[PDB]
Amino acid sequence: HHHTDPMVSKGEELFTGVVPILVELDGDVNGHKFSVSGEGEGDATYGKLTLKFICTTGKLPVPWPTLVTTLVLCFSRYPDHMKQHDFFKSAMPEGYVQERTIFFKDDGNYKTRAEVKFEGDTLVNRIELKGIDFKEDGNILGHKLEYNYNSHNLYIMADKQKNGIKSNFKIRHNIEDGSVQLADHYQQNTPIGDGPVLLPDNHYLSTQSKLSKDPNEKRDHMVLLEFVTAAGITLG
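Residues numbered from 1 in each chain as written, not as in the entry; some residues may be left out. Heavy atoms only, no water.

- Its PDB header attributes the entry to X-ray crystallography and lists the resolution as 2.1000 Å.

1. Comments concerning the overall build of the protein
- Counting secondary structure elements, the protein contains two helices and eleven strands.
- For the protein, the α and β elements follow one another from N to C terminus as α-β-β-β-α-β-β-β-β-β-β-β-β.
- The C-alpha atoms of the protein give a radius of gyration of 18 Å, which matches the 18 Å a tight globule of 236 residues would have.
- For the C-alpha atoms alone, the extent of the protein along its principal axes is close to 55 × 35 × 35 Å.
- Carbon and sulfur atoms make up 48% of the accessible area of the protein, which amounts to about 11,500 Å² in all. (Helix = DSSP H or I, 4+ residues; strand = E, 2+ residues; numbered from the N terminus. Rg over C-alpha atoms; globule rule 2.2 N^0.38 Å. Areas by Shrake-Rupley, 256 points an atom, 1.4 Å probe, with all protein chains shown as cover.)

2. Focus: the packing of aromatic side chains
- Applying the stated criterion to the full structure yields ten aromatic pairs.
- Centre to centre, the rings of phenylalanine 87 and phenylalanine 88 are 5.9 Å apart; their planes meet at 75 degrees, and the pair counts as edge-to-face. As far as burial versus exposure is concerned, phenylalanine 87 and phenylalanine 88 are alike and both buried.
- Geometrically, the ring pair formed by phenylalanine 104 and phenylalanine 134 is tilted, given 5.8 Å between the ring centres and 55 degrees between the ring planes. Highlighted residues: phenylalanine 104 in strand β4 (residues 96-104) and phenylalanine 134 in the loop between β6 (122-132) and β7 (152-159), separated in sequence by 30 residues.
- Owing to a relative accessible area of 6%, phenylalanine 134 belongs among the buried residues under this scheme.
- Taken together, the ring pairs in this structure connect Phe15, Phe75 and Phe118 into an aromatic cluster.
- Here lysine 89 stacks its cationic end above the ring of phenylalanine 15, 5.6 Å away from the centre of that ring.
- Here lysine 213 stacks its cationic end above the ring of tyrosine 147, 4.2 Å away from the centre of that ring. (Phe/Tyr/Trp six-rings, centres within 6.5 Å; stacked < 30°, edge-to-face > 60°. Buried < 20%, exposed > 50% of the residue type's maximum accessible area, 1.4 Å probe, protein only. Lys NZ or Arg CZ within 6 Å of the ring centre and 35° of its normal.)

3. Focus on unusual backbone geometry
- Residues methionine 92 and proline 93 are joined by a peptide bond in cis, for which omega reads 0 degrees.
- Within the secondary structure layout, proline 93 lies in the loop between α2 (87-90) and β4.
- Even without being a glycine, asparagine 30 presents a positive backbone phi close to 50 degrees.
- You can see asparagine 30 is positioned in the loop between β1 (19-29) and β2 (32-43).
- We classify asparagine 30 as partly exposed; its relative accessible area is 27%.
- In this model, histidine 143 sits at a positive phi of 55 degrees, which is unusual for a non-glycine residue.
- Within the secondary structure, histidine 143 is located in the loop between β6 and β7.

4. A look at the nonpolar core
- In this structure, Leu71, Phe88 and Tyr110 are the most contacted members of the largest nonpolar core, which totals 56 residues.
- Leave out the neighbours within four places in its chain, and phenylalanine 88 touches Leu73, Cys74, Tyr78, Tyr96, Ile156, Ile165, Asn189 and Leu205. (Core = buried A, V, L, I, M, F, W, Y, C linked by side-chain atoms within 4.5 Å. Contact = heavy atoms within 4.5 Å.)

5. Description of the side chain of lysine 83
- Relative to the assigned elements, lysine 83 resides in the loop between β3 (48-55) and α2.
- Within the structure, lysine 83 has its side chain in polar contact with the side chain of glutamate 12 (distance 2.8 Å).
- A polar contact of 3.0 Å, which involves the side chain of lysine 83, links it to the backbone oxygen of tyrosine 78.
- In contact with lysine 83, other than residues within four places in its own chain, are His3, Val8, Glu12, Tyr78 and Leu198. (Polar contact = N/O pair within 3.5 Å; in protein donor to acceptor, adjacent residues only side chain to side chain.)

6. Quick word on the sheet that holds strand β10 (residues 203-212)
- Taken in spatial order, the eleven strands line up as β1-β2-β3-β11-β10-β7-β8-β9-β4-β5-β6 and close into a barrel, and their pairing is mixed. With strand direction ignored, the average angle separating the axes of adjacent strands in the sheet is 20 degrees.
- Pairing geometry for β1 and β2, over eleven bridges, is antiparallel. Its bridge partner being in β2, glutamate 24 is matched across the sheet by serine 37. (Pairing = 2+ DSSP bridges. Axes fitted to C-alpha atoms, helices over the stretch in contact; angles between N-to-C directions.)

7. Details of the pairing of strand β9 (residues 180-191)
- Burial runs high along β9: nine of the twelve residues are buried.
- Two strands pair when backbone bridges link them, and β4 and β9 are joined in this way by nine bridges, in the antiparallel orientation. Among the inter-strand pairings, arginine 100 is bridged to a residue of β9, identified as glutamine 187.
- In this sheet, β9 lies alongside strand β8 (residues 164-174) in antiparallel orientation, the contact comprising ten bridges.

Quick look at the structure:
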C-alpha cells in the first residue's frame, strides 16, 4: 500500500484487508422473472472471492454456471509492477459500469448492465439482466449444463475514447453428455465518477472458479470460490 504513485496508493488503500460484498441481480429470461442475492468477502491481496448466491424468487430458470461471469474484477490481485494497470480499483469508490452481451452459440443472448461501487464499507454489485431468443428445448432453459466451471484468461484492452476498458472472451460450459456450450462475451467498463482513472496497457486476468453447495441450504443457491490474478507484463 506504500507505492511511489499516490493514485495507486488511494486504490490499494481501499482494498487492503477483507472487504464485504453484496450482489443484487434482477433478471428476465424469455419472460421468466427472477432475483438473486449474494453475500461474501473479497481479499484483493490473494485475488480471492468467496460468495454464496440465493435465488430469492424460488427456482432459478437458468443454470447457475451461466451467471458466474455476471454475478467483481476489482478484487483481482495485480502484481506490484502492474498496479499502474488496475483500472478497476482506480474507479473506486465512485465505481464503474460493467456492460456485457453474452451470445450462447445456437441459442439466446444475455444483455447485462452492472454498477459496482462502495456503499460505506460494503462493495456492491447491482445487476440488470435481460435474456432473449433462448430455445425451450435448449441447453440453458433445458438445464443440460454440468454444475462445474474451468480456468479462463481474459485479455484487457484500454478504450481511450470511453476512458474505460473492453474485453472479448469465450467461456466453455460442460454439457452433461460430454459436449460444450460456448458463451461469447463482449464487455465494456466505464467510470461512474468524473475523476481520473488508470488506463492499462494490454494484459490478462487469469481466473479459477470452484462451484459447490451448502449441504444445509434448502433454497436454490450457488457457493462460489474465485481466484483472479493479473499477468502478461514482465518485470525482469
